[PDB]
Amino acid sequence: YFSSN
Amino acid sequence: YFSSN
Amino acid sequence: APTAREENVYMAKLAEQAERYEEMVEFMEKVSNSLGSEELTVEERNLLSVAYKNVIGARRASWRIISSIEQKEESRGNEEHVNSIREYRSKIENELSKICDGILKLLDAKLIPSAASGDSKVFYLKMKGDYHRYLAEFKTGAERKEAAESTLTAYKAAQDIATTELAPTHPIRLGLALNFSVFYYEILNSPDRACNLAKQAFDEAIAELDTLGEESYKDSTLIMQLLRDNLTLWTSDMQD
Amino acid sequence: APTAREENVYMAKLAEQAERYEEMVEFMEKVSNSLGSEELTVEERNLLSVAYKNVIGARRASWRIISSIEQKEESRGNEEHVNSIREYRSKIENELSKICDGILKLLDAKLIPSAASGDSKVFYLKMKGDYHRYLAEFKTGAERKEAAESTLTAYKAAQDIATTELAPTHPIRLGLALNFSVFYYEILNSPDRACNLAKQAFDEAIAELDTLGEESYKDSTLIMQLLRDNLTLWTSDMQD
């Protein structure tokens, strides 16, 4: 689960 | 607001 | 095939992991309304109380935030915001009153008439004290008196059993003292009997630890820190 | 006397402070459905997106937790728990599908036909990309393809406008690149075009900062850290 804006 | 169990 | 009771308990633990405590409450209530003469296991009884403490706890936190804001906008004489804030608060209070009445009906209808040991009698009476005390925290006038009166009857019934049936070091008894003292301090505005009660629970626990040890040390030492915390900041305020 | 629009906006900010984002969503939707030819202010437009990101965000976190649990109980061949877990998951997914369809109808019906500047066109198209991509994250089969297809159309429409109308350093454009690349990596399982996109957004931003500076530096440098974070751990996985 990666970083998202 | 104090500590309560 | 597992029973409905087993699968409700399993769902409740799934609800706790997903942090969906409303449904955790619903599953644990199905378990409670399926009881006959027997009582909840320590595990199910703690799952019910964790469910409700987290449902009510989110509204309490919301109430506290909206109260502080309203006290500020009152301080500026900004009435239009004040009236909006109070419709919002009144809505949060309507949820608090519903959550409390859910567990309080369960406790009198199923849980307390099933309690068969000291452990669970104290546990349920103290939880009855707790939720009448959450009502007291926001009610005014006549409503506040009735809450506070209910709270005090429940905690004193709990404590008559706790002091005669459980050890001073028992976390449910220490937790009771912790909350009972908080009720004196914050609801009855009586710092004298808050400290006498808190400090007496602490001192009987210390005395038992010093002479007999205790089992389930993990939980009790932390409640004991809580007692000592409230004490040292209550007594700094009486001096300061 | 203040208008309903003013009081809905004020309630939404009360809802955000009390952390009751469902009602924050409802208040901000009343503001959006009260629009004529004009569009939302930057503030109201960010209140709407914060409301929805927190409603959906709690279900996503719940889904992730219940998915990992189910993948473990599958690993033991424990089918009865697996079937309970999946009824729970299916319920969380029914909420995800409803939350997404709420904002996605609003975006096509009111928000995108009102957008009048590059800033808001990109903002709403990227938010349309975002919520089709949250559907993709849990759908399977035919349903997954349709989501992924919708996601890609929206992000590419957003980016055709972003690259021609906004500066490389604009946080809405950097945020778009950030999410578009995530969509390639996690939905399309294409690490090649994730890195090409992420690293190109980063490099055009660095180039503008080095020559022209930028205004609203606060927000952009952090999204830029996000881009660089995803890059360095994507590229360690291709090597490792």
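Numbered from 1 within each chain, the chains take letters A, B, ... in sequence-line order. Only this structure's heavy atoms are used, side chains among them; waters, hydrogens and symmetry mates stay out.
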Residue set satisfying side-chain contact (heavy atoms from CB on, under 4.5 Å) with D:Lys30, at least two apart, ordered chain then number -> D:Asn8, D:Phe27

Mind checking the CD1-CD1 spacing from D:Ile65 to D:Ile85? Nearest 0.5 Å is all I need.
-> 13.0 Å

For the student: nearest non-hydrogen atoms of C:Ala205 and C:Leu174, plus distance = CB-CD2, 3.9 Å

So does C:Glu93 pair up with C:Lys139, basic N to acidic O under 4.0 Å?
-> no

Side-chain donor/acceptor pairs under 3.5 Å, residues 122-129 of chain C, sequence neighbours excluded:
| from | atom 1 | to | atom 2 | distance (Å) |
| --- | --- | --- | --- | --- |
| C:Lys126 | NZ | C:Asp130 | OD2 | 3.1 |
| C:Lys128 | NZ | C:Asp108 | OD1 | 2.9 |

Any sub-3.5 Å donor-acceptor pair from D:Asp219's side-chain atoms to D:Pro171's backbone N or O?
-> no

Partners passing side-chain contact (heavy atoms from CB on, under 4.5 Å) against C:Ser150 (at least two apart in sequence or in another chain) = C:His132

Look up atom CD1 in D:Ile99 and atom CG in D:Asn94, then write down how far apart they are to the nearest 0.5 Å.
-> 11.0 Å

Enter the distance from C:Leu178:CG to C:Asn230:CG here, rounded to the nearest 0.5 Å.
-> 5.5 Å

Nearest 0.5 Å, what's the CD1-CG distance between C:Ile56 and C:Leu135?
-> 7.0 Å

For D:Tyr134, the ring-ring contact (aromatic ring centres under 6.0 Å, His included) test, sequence neighbours excluded, returns D:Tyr131

Can you check whether C:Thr151's main-chain N or O pairs, donor with acceptor, with C:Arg133's side chain at less than 3.5 Å?
-> no

Pairs satisfying salt bridge (charged side-chain N to carboxylate O under 4.0 Å, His left out), at least one member in residues 44-57 of chain C, at least two apart | C:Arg5-C:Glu44

Near D:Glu80 CD, under 6.0 Å, is it more than 12 heavy atoms from other residues, nucleotides or ligands?
-> yes

Taking atom OG of C:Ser32 and atom CG of C:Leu107, what is their separation to the nearest 0.5 Å?
-> 9.0 Å

Side chains of C:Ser114 and C:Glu38: is there a donor and an acceptor less than 3.5 Å apart?
-> no

Applying side-chain contact (heavy atoms from CB on, under 4.5 Å), run through D:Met224 and D:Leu209 and close with a yes or a no.
-> CA-CA 12 Å; D:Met224 250 156 128; D:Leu209 283 167; 3.8 Å; yes

Non-neighbouring partners of D:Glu87 that pass salt bridge (charged side-chain N to carboxylate O under 4.0 Å, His left out), sequence neighbours left out | none

For the residue pair D:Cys100 and D:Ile103, what are the closest heavy atoms and their distance?
-> O-CG2, 3.3 Å

D:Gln71 atom CD, neighbour heavy-atom count above 12 within 6.0 Å = no

Is the closest basic N to carboxylate O distance between C:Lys13 and C:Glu43 below 4.0 Å?
-> yes

Find the distance between CD (C:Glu39) and CG (C:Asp119) and round it off to the nearest 0.5 Å.
-> 8.5 Å

Please collect all salt bridge (charged side-chain N to carboxylate O under 4.0 Å, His left out) contacts where either partner lies in residues 229-240 of chain C, sequence neighbours excluded, each pair once.
-> none

Using atom types as modelled and distance alone, determine if a side-chain donor or acceptor of C:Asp210 lies under 3.5 Å from a backbone N or O of C:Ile206.
-> no

Is D:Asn78 reaching over with its side chain to a backbone N or O of D:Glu74, donor-acceptor style, under 3.5 angstrom?
-> no

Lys/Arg N to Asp/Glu carboxylate O, C:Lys98 vs C:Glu22, below 4.0 Å | no

Check step by step if salt bridge (charged side-chain N to carboxylate O under 4.0 Å, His left out) holds for D:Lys91 and C:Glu23.
-> CA-CA 11 Å; D:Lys91 173 176 237 284; C:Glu23 315 180 326; 3.3 Å; yes

May I have the step-by-step check of side-chain contact (heavy atoms from CB on, under 4.5 Å) for C:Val50 and C:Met24, ending in yes or no?
-> CA-CA 9 Å; C:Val50 157; C:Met24 186 172 173; 3.8 Å; yes

Tightest non-hydrogen contact, residues C:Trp234 and C:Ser181, listed as CH2-OG, 3.6 Å

Salt bridge (charged side-chain N to carboxylate O under 4.0 Å, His left out) evaluation trace for C:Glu95 with C:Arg60 = CA-CA 10 Å; C:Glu95 300 186 2; C:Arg60 286 170 87 208; over 6 Å; no

For residues 184-191 of chain C, tabulate all N or O donor-acceptor pairs below 3.5 Å that involve a side-chain atom, not counting sequence neighbours.
| from | atom 1 | to | atom 2 | distance (Å) |
| --- | --- | --- | --- | --- |
| C:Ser190 | OG | C:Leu188 | O | 3.0 |
| C:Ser190 | OG | C:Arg193 | NH2 | 3.4 |

Within the side chain of C:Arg20, is there an N or O that forms a donor-acceptor pair under 3.5 Å with the backbone of C:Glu16?
-> no

If you take all heavy atoms of C:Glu7 and C:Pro2, which pair is closest and at what distance?
-> OE1-CG, 3.4 Å

Decide whether D:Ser62 and C:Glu19 meet the rule of one side-chain donor and one side-chain acceptor closer than 3.5 Å.
-> no

Please walk me through it: do D:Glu214 and D:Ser216 pass side chain to side chain donor-acceptor pair (under 3.5 Å)?
-> CA-CA 7 Å; D:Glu214 166 252 355; D:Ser216 77; 3.3 Å; yes

Considering non-hydrogen atoms only, spot the tightest contact between D:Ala177 and D:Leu227 and give its length.
-> C-CD2, 4.5 Å

Step by step, work out the side-chain contact (heavy atoms from CB on, under 4.5 Å) result for C:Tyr217 and C:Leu222.
-> CA-CA 9 Å; C:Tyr217 203 86; C:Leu222 173 270; over 6 Å; no

So, is the end of the D:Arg228 side chain (NZ or CZ) under 6.0 Å from the ring centre of D:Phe202 and within 45° of the ring's axis?
-> no

Sorted by chain and number, sequence neighbours left out, salt bridge (charged side-chain N to carboxylate O under 4.0 Å, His left out) with C:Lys105 holds for C:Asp101

All heavy atoms of D:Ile66 vs all of C:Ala18, minimum pair found to be CG1-CB, 4.0 Å

Full working for side-chain contact (heavy atoms from CB on, under 4.5 Å) between C:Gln225 and B:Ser3 | CA-CA 10 Å; C:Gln225 199 42 50; B:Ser3 302; over 6 Å; no

With sequence neighbours excluded, residues passing side-chain contact (heavy atoms from CB on, under 4.5 Å) with C:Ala167 = C:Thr169, C:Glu208

For C:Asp203, all residues meeting salt bridge (charged side-chain N to carboxylate O under 4.0 Å, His left out), sequence neighbours excluded | C:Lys199

Between C:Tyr88 and D:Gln17: side-chain donor-acceptor atoms closer than 3.5 Å = no

With sequence neighbours excluded, residues passing salt bridge (charged side-chain N to carboxylate O under 4.0 Å, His left out) with D:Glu70 = D:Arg86, D:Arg89

Looking only at side chains, do D:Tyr52 and D:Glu29 share a donor and an acceptor under 3.5 Å apart?
-> yes

Any sub-3.5 Å donor-acceptor pair from C:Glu6's side-chain atoms to C:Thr3's backbone N or O?
-> yes

